[PDB]
């Protein structure tokens, strides 16, 4: 269960200084979407901001000192107006998430089955611990109600990163310091992502 059913409810219950909506609109066909940034799914803000160097980005960040879990709105309920605008303005979506697991793991899903499999192959070749989830896996990112699918094509890739994998990318795993302690593994991972995105979406 989430605390809030939709963005209007979150907005009416939370101090606006406790969350942030951040956009970068470049006209790239691909949108990088991180609806659980900041302290909600730690590290997804930093991956999103690095990929925004080449791609359009939507970021919703939890900025509380503690209790950011209350700001998590599941993808099939996430309706913040700037997210609805940006998703509909893009051809394709890559959606970044974190899940609780100490082992290093990346679970890839989404509606874009050909590109999701290609991304898993490219990550595995590069020595990253990715697996492909198929259509009947719970939370496979395939609902028409999922914000990531509300694009011009409906084709998305969902990237779920374990706690262990996200912590491996930063010297200090905090809201304050992830953004200024990105390590060699962070840039190695984001470069595999840049190579995949440029090759896969010509």
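Positions refer to the first chain, counted from 1.
Mean C-alpha B-factor is higher over 133-141 than over the other stretch, the pair under comparison being 27-35 and 133-141. When the C-alpha B-factors of 148-156 and 171-179 are averaged, 171-179 comes out higher. When the C-alpha B factors of 112, 107, 79, 121 are read from the deposited coordinates, the top value falls at 121.
Per the PDB record, residue ranking by Cα B-factor puts residue 85 in the middle third of the chain.
For residue 117, the recorded CA temperature factor ranks within the middle third of the chain's modelled residues. Remark: residue 44 belongs to the lowest third of its chain, ranked by C-alpha B-factor as recorded. Placement of the Cα temperature factor of residue 19 within the chain: lowest third of the modelled residues, per the deposited record. Ranked within its chain, residue 54 lands in the highest third, by CA B factor from the PDB record.
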